[PDB]
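Next up is one chain by itself, shown in structure tokens, the form deposited in one PDB entry.
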């Protein structure tokens, strides 16, 4: 699969993760500069979304939409991942009041990008994460995957909420 950004077409780098595959656990860094494991034990659904940067308008709308679901669906674990340092993630989350959302940084190991196959290849956005959504079931198996073809588009929220119902 390819991703488009205006005139640029990106190859996706890292390991291809498919619907039906066991999702790999990866090390990320949270707002307190604490290393955390992506996967949560004993929750019905885990939603893991990635975006190029929280600095961007489309990116912030995605973060705002997952912050709202965090409160509406407490039985579902929501995580948003970017290559932004935890400091900027905390600053932007603070200003926008997105305090319930689990915001994690892939900067240290690029372990999410490499293991979920959403690392953007050569181009202006190279090394940033493709806009993407994975839903895992209670076994940690991928039951839904969207890598957004046009990175200027928001994720398909309707397709996603049908998976969580």
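Numbering follows the first chain given and starts at 1. The term rigid core refers to the most C-alpha atoms you can superpose between the two forms while keeping them within 1.5 Å.
Although not depicted, the form deposited in another entry is the subject of the following passage.
- When the two forms are superposed on their rigid core between this form and the one not shown, the C-alpha shift of 2 Å or more among 28, 59, 50, 135 belongs solely to 59.
- Superposition on the rigid core between this form and the one not shown places the CA atom of residue 92 less than 2 Å from its counterpart.
- Residue 115: CA moves less than 2 Å between this form and the one not shown after rigid-core fitting.
- When the rigid core is held fixed, the Cα atom of residue 76 travels less than 2 angstroms between this form and the one not shown.
- A change of 3 Å or more separates the two forms for residue 124 and residue 66: their C-alpha atoms lie farther apart in that other deposited form.
- A shift of at least 3 angstroms brings the Cα atoms of residue 80 and residue 57 nearer to each other in that other deposited form than in the displayed structure.
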